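**Q** next input, structure requested:
(chains A, B, C, D and E, ligands or ions: 4)
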Amino acid sequence: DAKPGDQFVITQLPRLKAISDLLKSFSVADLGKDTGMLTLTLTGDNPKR
Amino acid sequence: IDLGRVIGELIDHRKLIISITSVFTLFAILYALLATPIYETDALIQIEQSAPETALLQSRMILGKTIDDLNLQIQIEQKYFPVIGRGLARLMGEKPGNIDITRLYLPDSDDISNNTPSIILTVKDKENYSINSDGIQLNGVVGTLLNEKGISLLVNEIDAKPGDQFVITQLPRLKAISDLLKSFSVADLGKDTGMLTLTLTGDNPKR
Amino acid sequence: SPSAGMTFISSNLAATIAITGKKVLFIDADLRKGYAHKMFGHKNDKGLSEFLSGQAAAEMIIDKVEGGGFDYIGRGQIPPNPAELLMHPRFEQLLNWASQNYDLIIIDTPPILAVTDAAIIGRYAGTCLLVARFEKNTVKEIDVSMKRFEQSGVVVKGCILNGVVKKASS
Amino acid sequence: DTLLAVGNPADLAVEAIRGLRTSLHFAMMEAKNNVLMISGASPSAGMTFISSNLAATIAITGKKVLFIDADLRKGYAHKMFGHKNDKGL
Amino acid sequence: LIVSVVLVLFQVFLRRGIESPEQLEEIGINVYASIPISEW
Ligand SMILES: Nc1ncnc2c1ncn2[C@@H]1O[C@H](COP(=O)(O)OP(=O)(O)O)[C@@H](O)[C@H]1O
Ligand SMILES: Nc1ncnc2c1ncn2[C@@H]1O[C@H](COP(=O)(O)OP(=O)(O)O)[C@@H](O)[C@H]1O
Ligand SMILES: [Mg+2]
Ligand SMILES: [Mg+2]
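**A** Numbering: from 1, shown residues only, chains lettered A, B, ... in the order given. Ligands and ions are numbered 1, 2, ... in the order given. The structure is reproduced below:
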């Protein structure tokens, strides 16, 4: 889904590099220090991905 | 320097000091008499802990269930042209009107930015009304449902003087949940008891 | 600096000294923006310029104020070379002749921080007084004016404050 | 390349130079002769500008003035005055 | 009150004109008079 004439870089980065990239922006917190509640946070540029 | 100099300077510039203080006080009076009042309601819950319950109360599940129950995703705003029309209308003793809406569905334009569709409803009498989305004028009547141009709308018990106008927005469920959660607070007040104090702040004393 | 009060003070002082029975002559040597003839009621022909340039005599320049009591000599037509006119010896001849027929001669001059007419005239002036506006002028400006009169060979007697208003901070 | 005291006789700088002329007319009294020497500390300070304009402003008052350009190294007075460059100093 | 006070302080600390013949008499200048403003 793009207009004709567009160009895209397609890279097959290694599994470890992808894991590191995902882990760099992913965070976990307890927010209660004793509860069963855990807040997971993920930051990225694609709102649905 | 000495106190005599500063007292003399103050006496000399009394006019400027008085003028500036008076204008600032007038602005403060206007803001404090035109700002929309915000009422606060509260409730007390007994827990038979209290930290996981504090976290679970503000979860999107419960607030979403409440919003689905009360149809909080249909925002109705009484329209005043200026930024101070509401304040002066309240000061003049004018009674604010209200419309009970049970079913709303807009065509959901959903462009890049404005994900919240909205229409304008103008009161013509106690029974009928006009609807405009982007200048397209339509006529509706309380009671009978309206299903035209991809717009579904139901109106019950409109209470306002004819000629009034209302902005009707169908904001997304997540936005309504965020708005509800922003003004809703929970506290323990005992740090060990089963007592939880719930606080909700809003401009409608009954809603 | 201009708009300090030189003409106001000079004209009023000439009036107040004329009302006491002493003959007074008032010369408006502000050959650039002088308006004494406007304030006195005028026959604007044959001012000071027309005498200095040599195209007039010493008798057609002197006129009478109506509600005053003192004579006056207006600037006349604006010349292109005022400071070069004021150096002519006919100016000193005029002053020497007038000093023998009047009890007092008061000369109004342009500022000294702006032009140099005042310092040219001040050689033949027996007494010189500066005028300082109340809030506008500064002590530095008055000191600079005093020193610039000293360099040119003119001894200033003193200053005259003007435009005073009652301030509670005093 | 023309005298300021001639092209624009009503400029502020020429007024300041007339003030300098009136100062000099009193300072230059009781001097051993009638020779004035304008000099400076560093080049491109204004010696020629001041000297030429002052000579013009003193000549316009009916006094004969002689202007000597003793800058035998980079002098250009003849360029600014209109010249017969032969037989200089 | 605060903004008025700071504005007055700024104006006071930014004035440079003469205020009384004492300033001129300090330097050694005889102030011969002080003519008030004429509202007429
Ligand atoms: N004490 C004063 N009270 C009221 N007006 C004054 C006073 N002194 C000067 N003025 C007025 O302010 C203006 C400037 O004064 P003036 O002497 O005429 O100009 P300049 O100082 O440049 O020769 C004049 O219109 C004068 O009438
Ligand atoms: N007050 C001034 N205003 C404008 N230009 C000036 C002024 N004084 C000097 N100059 C110009 O700057 C240049 C340097 O001055 P000049 O006297 O000719 O050199 P020097 O000081 O080395 O003899 C000249 O071109 C002159 O015209
Ligand atoms: Mg004047
Ligand atoms: Mg040179």
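**Q** ranges for the helices of chain A?
**A** A:15-24 (DSSP state H).
**Q** chain E too?
**A** Going by DSSP H, chain E shows helices at E:2-13, E:21-27.
**Q** now swap in chain D and tell me
**A** D:4-7, D:12-27, D:47-59, D:77-81.
**Q** nearest to residue A:49, out of those helices?
**A** helix D:12-27 (71.6 Å; C-beta to C-beta). C-beta here means a position set from N, CA and C on the backbone, and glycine is covered the same way.
**Q** the helices of chain D: which one's closest to residue C:142?
**A** Among the helices of chain D, if distance is taken as C-beta to C-beta, the winner is helix D:12-27, at 17.2 Å.
**Q** that closest one vs helix D:47-59, what angle?
**A** 70 degrees (axes from the mean of the first three to the mean of the last three C-alpha atoms, to 10 degrees).
**Q** quick check: buried residues in helix D:12-27?
**A** Neighbour-count burial for helix D:12-27 flags D:14-15, D:17-23, D:25 (criterion: 16 or more other C-beta atoms under 10 Å in any protein chain shown).
**Q** quick one on the thing from earlier: could you look over the helices of chain E and pick the most buried one?
**A** Each of the helices of chain E was scored by mean neighbour count; the highest is helix E:21-27, a mean of 15, by mean count of other C-beta atoms under 10 Å in any protein chain shown.
**Q** which strands and helices sit next to it?
**A** helix C:139-151, strand C:158-164, strand E:31-36 (3 or more C-beta pairs under 8 Å, 6 or more residues apart in numbering or on different chains; DSSP states H and E).
**Q** redo those as JSON lines? Include mean neighbour count.
**A** Output for these, formatted as JSON lines (neighbours: other C-beta atoms under 10 Å in any protein chain shown):
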{"stretch": "helix C:139-151", "mean neighbour count": "17"}
{"stretch": "strand C:158-164", "mean neighbour count": "21"}
{"stretch": "strand E:31-36", "mean neighbour count": "15"}
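**Q** check contacts around whichever residue of chain E sits closest to chain B.
**A** Relative to chain B, the nearest point of chain E is residue E:4 (4.1 Å; C-beta to the nearest C-beta). Taking C-beta atoms under 8 Å, 6 or more residues apart in numbering or on different chains as the contact definition, residue E:4 lies against B:13, B:16-17, B:20-21.
**Q** so which of those residues reach ligand 1?
**A** Here nothing survives when the contacts of residue E:4 are matched to ligand 1 using C-beta under 6 Å from any ligand atom.
**Q** any quick ChimeraX command for the buried ones out of those residues?
**A** Per 16+ other C-beta under 10 Å, the buried members of these correspond to this ChimeraX selection:
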select /B:13,17,20
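**Q** will you turn the contacts of residue E:4 into JSON lines that also has distance to residue D:73?
**A** JSON lines is the format used below for these (distance: C-beta to C-beta, whole Å):
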{"residue": "B:13", "distance to residue D:73": "63"}
{"residue": "B:16", "distance to residue D:73": "63"}
{"residue": "B:17", "distance to residue D:73": "67"}
{"residue": "B:20", "distance to residue D:73": "66"}
{"residue": "B:21", "distance to residue D:73": "71"}
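**Q** and the contacts of residue E:4, which two are furthest apart?
**A** Maximum distance among these (C-beta to C-beta): 11.7 Å, for B:13 and B:21.
**Q** ok so, going back, can you redo the helices and strands packed on helix E:21-27 as TSV with distance to residue C:79?
**A** TSV is the format used below for these (distance: least, C-beta to C-beta, whole Å):
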stretch	distance to residue C:79
helix C:139-151	23
strand C:158-164	29
strand E:31-36	31
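**Q** out of these, which is closest to residue D:54?
**A** Across these, closest to residue D:54 is helix C:139-151 (C-beta to C-beta), at 15.3 Å.
**Q** does any bit of that closest one sit next to ligand 1?
**A** No. Helix C:139-151 is not in contact with ligand 1 by C-beta under 6 Å from any ligand atom; minimum separation 13.3 Å.
**Q** now that helix against strand C:158-164, angle please.
**A** 150 degrees.
**Q** could I have helix C:139-151 exported to CSV, CA atoms only?
**A** Taking Å, rounded to 0.1, in the frame of the first residue of the first chain, the C-alpha atoms of helix C:139-151 are listed here in CSV:
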residue,chain,number,x,y,z
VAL,C,139,24.3,66.5,35.2
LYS,C,140,26.7,65.1,32.6
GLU,C,141,25.2,67.1,29.8
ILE,C,142,25.4,70.4,31.8
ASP,C,143,29.0,69.7,32.8
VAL,C,144,29.9,68.9,29.1
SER,C,145,28.3,72.2,28.1
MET,C,146,30.2,74.1,30.7
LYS,C,147,33.5,72.6,29.6
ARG,C,148,32.7,73.3,25.9
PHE,C,149,32.0,76.9,26.8
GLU,C,150,35.3,77.0,28.7
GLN,C,151,37.3,75.7,25.8
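**Q** now what about it, what contacts it?
**A** C:1, C:112-113, C:118-119, C:122, C:128, C:130, C:132, C:155-156, C:159, D:19, D:23, D:26-27, E:18, E:23-24, E:27, E:29.
**Q** from the chain's centroid, how far away is that helix?
**A** 18 Å (C-alpha atoms, centre = their mean, to the nearest Å).
**Q** and stretch D:9-21, by the same measure?
**A** Counting by C-alpha atoms, centre = their mean, stretch D:9-21 comes out at 12 Å from the chain centroid.
**Q** measure the residue in chain A positioned nearest to ligand 3 to ligand 4 for me?
**A** Among all residues of chain A, residue A:45 sits closest to ligand 3, at 74.2 Å; criterion: C-beta to the ion. Distance, residue A:45 to ligand 4, by C-beta to the ion, to the nearest Å: 69 Å.
**Q** is stretch D:63-78 in proximity to ligand 2?
**A** No. On the criterion C-beta under 6 Å from any ligand atom, stretch D:63-78 is out of touch with ligand 2, staying 6.5 Å away.
**Q** mind listing what the closest residue to residue C:47 other than its chain neighbours touches?
**A** Distances taken as C-beta to C-beta, 6 or more residues apart in numbering or on different chains place residue C:76 nearest to residue C:47, at 1.6 Å, with adjacent residues excluded. Applying C-beta under 8 Å, 6+ apart to residue C:76 gives the contacts C:44-51, C:61.
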